[PDB]
Amino acid sequence: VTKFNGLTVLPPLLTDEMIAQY
Amino acid sequence: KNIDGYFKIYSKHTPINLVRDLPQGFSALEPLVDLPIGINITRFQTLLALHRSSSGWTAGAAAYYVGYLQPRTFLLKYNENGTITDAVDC
Amino acid sequence: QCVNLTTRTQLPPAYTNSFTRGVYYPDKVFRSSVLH
Amino acid sequence: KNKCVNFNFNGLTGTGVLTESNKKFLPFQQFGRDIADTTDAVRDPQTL
């Protein structure tokens with residue numbers, strides 16, 4: 001596959017492990 | 001170069017082994033000092049050495065190149081150490 | 001002072017071709033594996 | 001370092017907290033910026 005200036009990156013609800021469980 | 005009375009001096013030293021032609025490589029010129037002279041520079045000269053064992057003097061063996069800069073757009077590629085490794089003329 | 005060197009010979013200013021010379025640091029900003 | 005306090009550097013003025021690093025600056029450079037054009041690395045003027 002291919003920081004504190006007011007740009008907040010939120011984590012998703014489902015992580016990378018929960019994608020593989022589905 | 002002179003930027004509003006602040007004179008900038010860039011320098012680069014590398015060993016070579018040639019006669020006439022410049023190498024087909026790349027080098028980054030780092031700044032050495034900063035001289036706030038506050039004056040305008042339009043002409044220049046170059047110091048040369050002479051010897052005699054002011055008209056019967058004899059010079060040694062050296063050469064230099066004089067170029068002209070142009071305000072064009074250039075790219076700067078930096079490595080992990082923070083040095084310029086490549087340059088792209090647009 | 002005003003005496004010129006009489007052992008000089010006037011030669012035509014021939015030119016050469018440079019490859020990638022003439023690149024310096026425009027500022028004092030540190031970078032790391034980026035391109036500007 | 002290790003405290004969010006106000007700083008006034010040569011190329012950055014504001015509040016920040018300094019941490020340890022392993023970078024190597026050039027002897028003519030005084031501060032460094034990231035890809036986002038934000039100053040995040042400076043140099044001590046007395047200690048190397």
# chains A, B, ... in the order shown; residues from 1 in each chain; ligands from 1
call {"tool": "interface_residues", "arguments": {"of": "chain A", "to": "chain D", "cutoff": "10 Å", "atoms": "only C-alpha atoms", "output": "list in words"}}
result
residues 3, 4 and 5 of chain A
call {"tool": "write_last_selection", "arguments": {"atoms": "N, CA and C atoms", "output": "PDB file, in the first residue's frame"}}
result
ATOM      1  N   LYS A   3       1.811  17.417  11.124  1.00  0.00           N
ATOM      2  CA  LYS A   3       0.891  16.373  11.559  1.00  0.00           C
ATOM      3  C   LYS A   3      -0.030  16.878  12.663  1.00  0.00           C
ATOM      4  N   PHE A   4       0.380  17.959  13.322  1.00  0.00           N
ATOM      5  CA  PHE A   4      -0.378  18.568  14.408  1.00  0.00           C
ATOM      6  C   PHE A   4      -0.733  20.013  14.079  1.00  0.00           C
ATOM      7  N   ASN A   5      -1.167  20.255  12.842  1.00  0.00           N
ATOM      8  CA  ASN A   5      -1.587  21.578  12.396  1.00  0.00           C
ATOM      9  C   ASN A   5      -3.105  21.716  12.354  1.00  0.00           C
TER      10      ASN A   5
END
call {"tool": "select_by_dssp", "arguments": {"residues": "chain C", "states": "strand (DSSP E or B)", "output": "list in words"}}
result
residues 23, 24, 29, 30 and 35 of chain C
call {"tool": "interface_residues", "arguments": {"of": "chain D", "to": "chain C", "cutoff": "7 Å", "atoms": "only C-alpha atoms", "output": "PDB file with C-alpha atoms, in the first residue's frame"}}
result
ATOM      1  CA  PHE D  25      22.150  17.986  11.400  1.00  0.00           C
ATOM      2  CA  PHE D  28      25.304  25.246   8.923  1.00  0.00           C
ATOM      3  CA  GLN D  29      21.667  24.335   9.634  1.00  0.00           C
ATOM      4  CA  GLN D  30      19.888  25.540  12.770  1.00  0.00           C
ATOM      5  CA  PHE D  31      16.398  24.018  12.471  1.00  0.00           C
ATOM      6  CA  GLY D  32      14.547  21.422  10.437  1.00  0.00           C
ATOM      7  CA  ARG D  33      11.070  20.994   9.003  1.00  0.00           C
ATOM      8  CA  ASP D  34       8.979  17.988   8.008  1.00  0.00           C
ATOM      9  CA  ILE D  35       7.146  17.273   4.739  1.00  0.00           C
TER      10      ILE D  35
END
call {"tool": "residues_around", "arguments": {"residues": "residue B:56", "least_positions_apart": "6", "cutoff": "7 Å", "atoms": "only C-alpha atoms", "output": "PyMOL selection string"}}
result
chain C and resi 5-7
call {"tool": "residues_around", "arguments": {"residues": "residue B:40", "least_positions_apart": "4", "cutoff": "12 Å", "atoms": "only C-alpha atoms", "output": "PyMOL selection string"}}
result
chain B and resi 1-7+36+44
call {"tool": "closest_atom_pairs", "arguments": {"of": "chain B", "to": "chain D", "cutoff": "9 Å", "atoms": "only C-alpha atoms", "output": "JSON lines"}}
result
{"residue": "B:30", "atom": "CA", "partner": "D:28", "partner_atom": "CA", "distance": 7.9}
{"residue": "B:31", "atom": "CA", "partner": "D:28", "partner_atom": "CA", "distance": 6.8}
{"residue": "B:32", "atom": "CA", "partner": "D:28", "partner_atom": "CA", "distance": 7.5}
{"residue": "B:33", "atom": "CA", "partner": "D:28", "partner_atom": "CA", "distance": 8.6}
{"residue": "B:80", "atom": "CA", "partner": "D:23", "partner_atom": "CA", "distance": 8.8}
{"residue": "B:81", "atom": "CA", "partner": "D:24", "partner_atom": "CA", "distance": 6.7}
{"residue": "B:82", "atom": "CA", "partner": "D:25", "partner_atom": "CA", "distance": 7.4}
{"residue": "B:83", "atom": "CA", "partner": "D:26", "partner_atom": "CA", "distance": 8.4}
call {"tool": "closest_atom_pairs", "arguments": {"of": "chain B", "to": "chain C", "cutoff": "12 Å", "atoms": "only C-alpha atoms", "output": "CSV"}}
result
residue,atom,partner,partner_atom,distance
B:1,CA,C:26,CA,11.2
B:3,CA,C:26,CA,11.5
B:8,CA,C:26,CA,10.1
B:9,CA,C:24,CA,10.3
B:10,CA,C:24,CA,7.1
B:11,CA,C:24,CA,8.6
B:12,CA,C:24,CA,9.1
B:20,CA,C:16,CA,9.1
B:21,CA,C:16,CA,7.4
B:22,CA,C:18,CA,6.7
B:23,CA,C:19,CA,7.9
B:24,CA,C:19,CA,5.3
B:25,CA,C:20,CA,6.4
B:26,CA,C:20,CA,5.5
B:27,CA,C:21,CA,7.0
B:28,CA,C:24,CA,5.3
B:29,CA,C:24,CA,4.4
B:30,CA,C:25,CA,6.1
B:31,CA,C:25,CA,7.2
B:32,CA,C:25,CA,11.0
B:50,CA,C:5,CA,9.9
B:51,CA,C:5,CA,11.7
B:52,CA,C:7,CA,11.7
B:54,CA,C:3,CA,5.5
B:55,CA,C:5,CA,4.0
B:56,CA,C:5,CA,6.6
B:57,CA,C:5,CA,6.9
B:58,CA,C:7,CA,7.4
B:59,CA,C:7,CA,9.4
B:64,CA,C:15,CA,11.7
B:65,CA,C:15,CA,9.1
B:66,CA,C:15,CA,9.9
B:67,CA,C:22,CA,9.0
B:68,CA,C:22,CA,9.7
B:69,CA,C:22,CA,8.2
B:70,CA,C:22,CA,10.5
B:72,CA,C:23,CA,11.7
B:73,CA,C:36,CA,10.9
B:74,CA,C:23,CA,8.7
B:75,CA,C:36,CA,6.2
B:76,CA,C:35,CA,5.7
B:77,CA,C:35,CA,4.9
B:78,CA,C:33,CA,5.3
B:79,CA,C:33,CA,4.5
B:80,CA,C:32,CA,4.6
B:81,CA,C:32,CA,6.5
B:82,CA,C:31,CA,5.1
B:83,CA,C:31,CA,8.1
B:84,CA,C:25,CA,8.0
B:85,CA,C:23,CA,10.1
B:86,CA,C:20,CA,8.8
B:87,CA,C:23,CA,7.4
B:88,CA,C:20,CA,9.0
B:89,CA,C:20,CA,9.4
call {"tool": "write_last_selection", "arguments": {"atoms": "C-alpha atoms", "output": "compact mmCIF listing (two decimals), in the first residue's frame"}}
result
# COMPACT_ATOMS: atom_id res chain seq x y z
CA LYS B 1 25.33 35.96 -4.30
CA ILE B 3 20.53 38.96 -0.85
CA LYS B 8 26.25 34.29 0.94
CA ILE B 9 29.30 32.10 0.28
CA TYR B 10 28.76 28.50 -0.85
CA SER B 11 31.61 26.02 -1.10
CA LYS B 12 32.29 22.41 -2.08
CA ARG B 20 40.29 19.76 -19.01
CA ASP B 21 36.79 18.29 -18.80
CA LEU B 22 34.59 18.57 -15.73
CA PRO B 23 33.19 15.35 -14.21
CA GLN B 24 29.69 14.22 -15.17
CA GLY B 25 28.54 13.89 -11.57
CA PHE B 26 26.66 15.77 -8.86
CA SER B 27 27.71 17.64 -5.72
CA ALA B 28 25.94 19.85 -3.19
CA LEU B 29 27.52 23.20 -2.33
CA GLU B 30 27.23 23.92 1.40
CA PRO B 31 27.34 27.46 2.84
CA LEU B 32 30.52 28.48 4.65
CA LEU B 50 52.79 34.99 -10.02
CA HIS B 51 56.45 34.12 -9.51
CA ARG B 52 59.75 35.53 -10.73
CA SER B 54 55.33 44.02 -12.68
CA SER B 55 55.82 42.76 -16.24
CA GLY B 56 58.36 39.92 -16.08
CA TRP B 57 56.41 37.66 -13.75
CA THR B 58 55.50 34.03 -14.46
CA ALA B 59 52.42 32.06 -13.42
CA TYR B 64 38.88 27.89 -13.18
CA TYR B 65 35.42 28.17 -14.72
CA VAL B 66 33.03 31.14 -14.59
CA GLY B 67 29.31 30.61 -15.21
CA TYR B 68 26.08 32.60 -15.15
CA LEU B 69 23.08 31.70 -13.00
CA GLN B 70 19.44 31.91 -14.09
CA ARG B 72 14.73 28.81 -12.87
CA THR B 73 12.76 26.17 -10.99
CA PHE B 74 14.82 23.30 -9.57
CA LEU B 75 13.92 20.24 -7.51
CA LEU B 76 15.85 19.04 -4.45
CA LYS B 77 16.02 15.36 -3.52
CA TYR B 78 17.14 14.74 0.07
CA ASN B 79 18.25 11.46 1.63
CA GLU B 80 17.86 10.33 5.24
CA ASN B 81 21.02 12.26 6.18
CA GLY B 82 19.65 15.56 4.85
CA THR B 83 22.00 16.02 1.88
CA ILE B 84 21.04 16.84 -1.70
CA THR B 85 21.54 13.77 -3.91
CA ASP B 86 19.65 14.67 -7.12
CA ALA B 87 18.39 17.78 -8.88
CA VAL B 88 15.77 18.22 -11.60
CA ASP B 89 15.67 21.23 -13.93
call {"tool": "atom_distance", "arguments": {"atom1": "atom CA of residue D:44", "atom2": "atom CA of residue D:11"}}
result
12.7 Å
